[PDB]
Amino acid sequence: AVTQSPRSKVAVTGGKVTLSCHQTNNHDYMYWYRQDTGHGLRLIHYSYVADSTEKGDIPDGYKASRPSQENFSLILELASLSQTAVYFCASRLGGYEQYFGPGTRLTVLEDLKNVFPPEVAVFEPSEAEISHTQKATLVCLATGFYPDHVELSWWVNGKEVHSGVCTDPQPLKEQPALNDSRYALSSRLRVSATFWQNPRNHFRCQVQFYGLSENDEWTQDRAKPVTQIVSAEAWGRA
């Protein structure tokens, strides 16, 4: 419960990106890290006190600003492909425990043309499974999205559910061996047989997508692939 913002960002090389960090632990030390395979976290800048900043281990291409005990900002002035990473900020008491922020997925691109939202489909429980097991599995595929920042949740009878749910740890590449490959992801929800067989019952697959903002200019003959929700749905049966 330290926060940083935006939660995600897509940018073109040369664009300006500003990540913000805010902490109310009354900590004095704050830090900005990037995390990505197969390094771990890497320090960019940090601060001991209001109005001062220190070069971290990788200060190049980034600037920092510590306007207050509570705020620490990171600015990428002319965005590059190597700045694609997950950025965490952090705060710490000097002799105590360090806390990390929730993170920002930042994606940098030659152009925004490659950016696509998910198409989303649901698959109904096999009758074979029901006959055999008396339980029923629904499957959600989100396909064709780029970049790969989505959050998928199931809503049963209009309420989010967690018992009987499993989603892949991460999305899979549609053509794993090249550049600008697009992503897919599946998730499972299993219920009792007498639950699918209730035709009053409503199952929705929800995938939150993190893409462009309103302010990015858009030339393609289609819906600007903006941050948006995409869903699919099914009712019980038989």
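All residue numbers refer to positions in the sequence shown, first residue = 1.
The mean C-alpha temperature factor is higher for 213-221 when 213-221 and 11-19 are set side by side. Per the PDB record, of the two stretches 111-119 and 132-140, 111-119 carries the greater mean B-factor over its C-alpha atoms. Residues shown: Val156, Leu74, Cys166, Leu81. Highest C-alpha temperature factor in the entry: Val156.
Annotation for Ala90, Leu106, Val150, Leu93: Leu93 ranks highest, by Cα B-factor. Remark: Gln175 belongs to the highest third of its chain, ranked by C-alpha B-factor as recorded. In the PDB entry, a CA B factor belonging to the lowest third of its chain's modelled residues is recorded for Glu70.
When the modelled residues of the chain are ordered by C-alpha B-factor, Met30 sits in the lowest third. When the CA B factors of the chain's modelled residues are split into thirds, the value for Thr53 lands in the middle one. The entry lists a Cα temperature factor for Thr37 that places it in the highest third of the chain's modelled residues.
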